[PDB]
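First up is the structure itself, then whatever we jot down about it.
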Amino acid sequence: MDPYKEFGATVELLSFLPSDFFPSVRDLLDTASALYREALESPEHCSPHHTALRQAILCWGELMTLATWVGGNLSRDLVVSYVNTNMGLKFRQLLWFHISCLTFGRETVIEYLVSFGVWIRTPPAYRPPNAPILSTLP
Amino acid sequence: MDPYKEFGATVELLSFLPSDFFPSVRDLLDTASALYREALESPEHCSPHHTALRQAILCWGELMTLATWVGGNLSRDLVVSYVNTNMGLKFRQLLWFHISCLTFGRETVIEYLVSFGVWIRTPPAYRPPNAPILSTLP
Amino acid sequence: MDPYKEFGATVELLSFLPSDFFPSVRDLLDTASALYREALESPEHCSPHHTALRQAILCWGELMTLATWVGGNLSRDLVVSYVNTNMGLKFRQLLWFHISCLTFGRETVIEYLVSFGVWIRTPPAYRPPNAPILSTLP
């Protein structure tokens, strides 16, 4: 299984964006709760993105519970710094991808990814002054 | 004898671009892997650009193999920089040309090159502060 | 990333032919110049094989410039032997493949590779004295 192969993208595509680019897990969860809480809590799925987001949120909750359990044991404050960079980055990327695809669509996200990669790899002098942004014009 | 004459451009047309205009060869390889990987190992070329990019990647890999071999041979620290000095410059120029032709189209790259040459030939006093930006339009 | 994967061949398929079977790079370059020079310098690609041959020839020229630079500078002349020990084999293999495909056809080269593998597997006692030869038939 590949988390993004179903949705066109690949982990290889998302990995070339800077790691610090993705907003923290708390921010992504806040955006999800603000925007699609009723959709995620709906009995019916109506999209692969909603199902994937539900599974990701449940797995993140399970991992946080396991981390809290480990911290309760006994050192244990270094495994929490381990999870936020190894698994934390992966969950951050997955949640950002799914939330952005729900908001702006899969395509817009794919071209935003490729354009932002090209931009960040382009030398600044021969580059647009402002980084590409995922948004909608009035 | 001319890599670009097949695609319409010429060596003098791309010679107008500064050396610092092109990104690092590693950046171009990452861009190619992110964008057109599934096309590059596809069992059919689908374009002359794909074939040229494929054998450019093979050539650069062979050059890096030679550089690694000569690095461990014991001056020898000068050739490792030389391969990235001028031959690396030509390789990154070719990779940029082919990737840009695949992304924005060959023609768009041709007019961007001629506009950039016009911009460079202009003295800085009577020249717009920002160089032309390569992009595509609907 | 296989150079021959576009043309129905693989490195495994060409591994049937021994390394010393291929002619010297100078002979292949002379054959190309004698036969398809006008096509290689033609503005239109006319084939994937012509683009492949152009890329290979330019890469070989770049490597020869490297060899001349390292010979003039400074094992100063051991690198020019080393490039032929392993990398020269790859370049002459690829040049032979593309020149033969231009001369006889891609498929003709494919069954020539198959027949040469069959001939080279056969024990010498029952192996025909003459190896299969790639030539045009009336």
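Letters for chains follow the order of the structure tokens (A, B, ...), residue numbers begin at 1 for each chain, and ligand numbers begin at 1 in the order shown.
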
Could you superimpose chain C onto chain A using every C-alpha atom, matched in order, and tell me the RMSD in Å?
-> 1.0 Å

Polymer residues at most 9 Å from residue 41 in chain A, only C-alpha atoms, same-chain spacing of 4 or more positions, as an mmCIF file with N, CA and C atoms, in the first residue's frame:
```cif
data_model
loop_
_atom_site.group_PDB
_atom_site.id
_atom_site.type_symbol
_atom_site.label_atom_id
_atom_site.label_comp_id
_atom_site.auth_asym_id
_atom_site.auth_seq_id
_atom_site.Cartn_x
_atom_site.Cartn_y
_atom_site.Cartn_z
ATOM 1 N N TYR A 36 -14.303 20.558 8.459
ATOM 2 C CA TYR A 36 -14.975 19.334 8.032
ATOM 3 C C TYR A 36 -15.315 18.414 9.199
ATOM 4 N N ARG A 37 -15.606 18.976 10.373
ATOM 5 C CA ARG A 37 -15.945 18.136 11.517
ATOM 6 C C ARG A 37 -17.234 17.360 11.269
ATOM 7 N N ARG A 54 -10.190 10.266 8.316
ATOM 8 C CA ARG A 54 -10.685 9.626 9.530
ATOM 9 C C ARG A 54 -9.691 8.592 10.041
#
```

Skip residue 78 in chain B itself and residues of its chain fewer than 4 positions away, then list as a PyMOL selection string all residues within 10 Å of it, counting only C-alpha atoms.
-> (chain B and resi 71+82-83) or (chain C and resi 70+73-74)

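Nearest to residue 52 in chain C of all the residues B:136, B:3, B:126, B:34 is B:3, based on only C-alpha atoms.
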
Return as a ChimeraX atom specification the full set of residues in chain A whose backbone-based DSSP assignment is alpha helix (DSSP H).
-> /A:11-15,25-41,48-72,76-83,87-104,106-121

What gap, in Å, lies between CA of residue 35 in chain B and CA of residue 100 in chain B?
-> 11.3 Å

Straight-line distance linking CA of residue 116 in chain C with CA of residue 23 in chain C, stated in Å to one decimal =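 Interatomic distance here is 15.5 Å.
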
Could you give me, as a VMD selection string, the residues within 12 Å of residue 59 in chain B, counting only C-alpha atoms and dropping anything in the same chain fewer than 2 positions from it?
-> (chain B and resid 52 to 57 61 to 66 87 to 88 90 to 92 94 to 95) or (chain C and resid 1 3 52 55 to 63 87 90 to 91 94)

Save the residues we just selected, N, CA, C and O atoms, as a compact mmCIF listing (two decimals), in the first residue's frame?
```
# COMPACT_ATOMS: atom_id res chain seq x y z
N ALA B 52 16.24 12.35 -24.38
CA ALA B 52 17.39 13.19 -24.10
C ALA B 52 17.62 13.32 -22.61
O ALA B 52 18.77 13.24 -22.14
N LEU B 53 16.55 13.49 -21.83
CA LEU B 53 16.68 13.58 -20.38
C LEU B 53 17.19 12.27 -19.79
O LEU B 53 18.03 12.29 -18.88
N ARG B 54 16.70 11.14 -20.29
CA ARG B 54 17.14 9.84 -19.78
C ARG B 54 18.63 9.67 -19.97
O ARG B 54 19.36 9.33 -19.03
N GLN B 55 19.12 9.90 -21.19
CA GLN B 55 20.55 9.68 -21.41
C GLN B 55 21.39 10.78 -20.78
O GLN B 55 22.56 10.54 -20.44
N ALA B 56 20.83 11.98 -20.57
CA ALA B 56 21.54 12.97 -19.77
C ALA B 56 21.72 12.49 -18.34
O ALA B 56 22.79 12.67 -17.74
N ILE B 57 20.68 11.87 -17.77
CA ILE B 57 20.78 11.32 -16.42
C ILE B 57 21.82 10.21 -16.37
O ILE B 57 22.63 10.14 -15.44
N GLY B 61 25.22 10.34 -14.16
CA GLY B 61 25.55 9.28 -13.22
C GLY B 61 26.91 8.67 -13.49
O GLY B 61 27.67 8.38 -12.56
N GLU B 62 27.25 8.48 -14.77
CA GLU B 62 28.57 7.95 -15.10
C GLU B 62 29.67 8.94 -14.73
O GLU B 62 30.74 8.54 -14.24
N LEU B 63 29.43 10.23 -14.94
CA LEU B 63 30.39 11.26 -14.54
C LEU B 63 30.59 11.27 -13.03
O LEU B 63 31.72 11.42 -12.55
N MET B 64 29.51 11.12 -12.27
CA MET B 64 29.63 11.05 -10.81
C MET B 64 30.35 9.78 -10.37
O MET B 64 31.10 9.80 -9.39
N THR B 65 30.14 8.68 -11.09
CA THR B 65 30.90 7.47 -10.81
C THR B 65 32.39 7.70 -11.01
O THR B 65 33.22 7.32 -10.18
N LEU B 66 32.75 8.36 -12.12
CA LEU B 66 34.15 8.68 -12.38
C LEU B 66 34.71 9.61 -11.31
O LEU B 66 35.86 9.46 -10.88
N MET B 87 31.74 21.15 -17.06
CA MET B 87 30.89 20.05 -17.51
C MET B 87 29.63 19.95 -16.67
O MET B 87 28.55 19.65 -17.21
N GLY B 88 29.73 20.18 -15.37
CA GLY B 88 28.54 20.27 -14.55
C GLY B 88 27.63 21.41 -14.99
O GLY B 88 26.41 21.28 -14.97
N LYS B 90 27.34 22.60 -18.11
CA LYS B 90 26.66 22.18 -19.32
C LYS B 90 25.57 21.16 -19.01
O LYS B 90 24.48 21.20 -19.60
N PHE B 91 25.85 20.23 -18.09
CA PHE B 91 24.86 19.22 -17.74
C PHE B 91 23.63 19.84 -17.10
O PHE B 91 22.50 19.48 -17.45
N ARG B 92 23.83 20.78 -16.17
CA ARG B 92 22.67 21.43 -15.55
C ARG B 92 21.93 22.31 -16.54
O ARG B 92 20.70 22.41 -16.47
N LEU B 94 21.61 21.63 -19.78
CA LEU B 94 20.82 20.70 -20.59
C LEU B 94 19.62 20.17 -19.81
O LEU B 94 18.51 20.08 -20.35
N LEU B 95 19.83 19.82 -18.54
CA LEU B 95 18.73 19.32 -17.71
C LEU B 95 17.66 20.38 -17.53
O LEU B 95 16.46 20.09 -17.62
N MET C 1 15.70 2.91 -14.47
CA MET C 1 16.29 3.78 -15.49
C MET C 1 17.23 2.99 -16.39
O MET C 1 18.43 2.89 -16.12
N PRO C 3 18.79 2.56 -20.25
CA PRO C 3 18.92 3.30 -21.52
C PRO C 3 18.23 2.63 -22.69
O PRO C 3 17.71 3.33 -23.57
N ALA C 52 19.40 9.74 -29.47
CA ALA C 52 20.22 8.95 -28.57
C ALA C 52 21.69 8.99 -28.99
O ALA C 52 22.58 9.16 -28.15
N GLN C 55 23.20 12.44 -28.18
CA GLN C 55 23.50 12.57 -26.76
C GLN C 55 24.74 11.77 -26.39
O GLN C 55 25.61 12.25 -25.65
N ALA C 56 24.85 10.54 -26.90
CA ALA C 56 26.00 9.70 -26.59
C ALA C 56 27.29 10.31 -27.13
O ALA C 56 28.33 10.28 -26.46
N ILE C 57 27.25 10.85 -28.35
CA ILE C 57 28.44 11.44 -28.95
C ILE C 57 28.88 12.67 -28.17
O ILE C 57 30.07 12.87 -27.92
N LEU C 58 27.92 13.51 -27.77
CA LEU C 58 28.27 14.68 -26.97
C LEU C 58 28.85 14.28 -25.62
O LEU C 58 29.81 14.89 -25.13
N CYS C 59 28.27 13.24 -24.99
CA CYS C 59 28.81 12.76 -23.72
C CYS C 59 30.23 12.24 -23.89
O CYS C 59 31.10 12.49 -23.04
N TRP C 60 30.48 11.49 -24.96
CA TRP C 60 31.82 10.98 -25.21
C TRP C 60 32.81 12.11 -25.46
O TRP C 60 33.95 12.06 -25.00
N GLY C 61 32.38 13.14 -26.18
CA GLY C 61 33.23 14.31 -26.37
C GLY C 61 33.55 15.01 -25.07
O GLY C 61 34.69 15.44 -24.85
N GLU C 62 32.56 15.13 -24.18
CA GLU C 62 32.81 15.72 -22.87
C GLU C 62 33.80 14.89 -22.07
O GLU C 62 34.70 15.43 -21.41
N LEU C 63 33.66 13.56 -22.11
CA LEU C 63 34.59 12.70 -21.39
C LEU C 63 35.99 12.79 -21.98
O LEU C 63 36.99 12.72 -21.25
N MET C 87 33.95 2.54 -18.27
CA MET C 87 33.00 3.46 -18.88
C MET C 87 33.08 3.41 -20.40
O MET C 87 32.05 3.52 -21.09
N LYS C 90 30.78 0.79 -21.68
CA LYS C 90 29.38 1.20 -21.74
C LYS C 90 29.13 2.10 -22.94
O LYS C 90 28.13 1.94 -23.65
N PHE C 91 30.03 3.06 -23.19
CA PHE C 91 29.84 3.96 -24.32
C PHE C 91 29.90 3.22 -25.65
O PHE C 91 29.06 3.46 -26.53
N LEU C 94 26.62 1.18 -26.06
CA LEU C 94 25.46 1.98 -26.43
C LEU C 94 25.59 2.50 -27.86
O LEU C 94 24.61 2.50 -28.62
```

CA of residue 28 in chain A to CA of residue 96 in chain A, distance in Å rounded to a single decimal =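 Taking CA of residue 28 in chain A and CA of residue 96 in chain A, their separation equals 6.6 Å.
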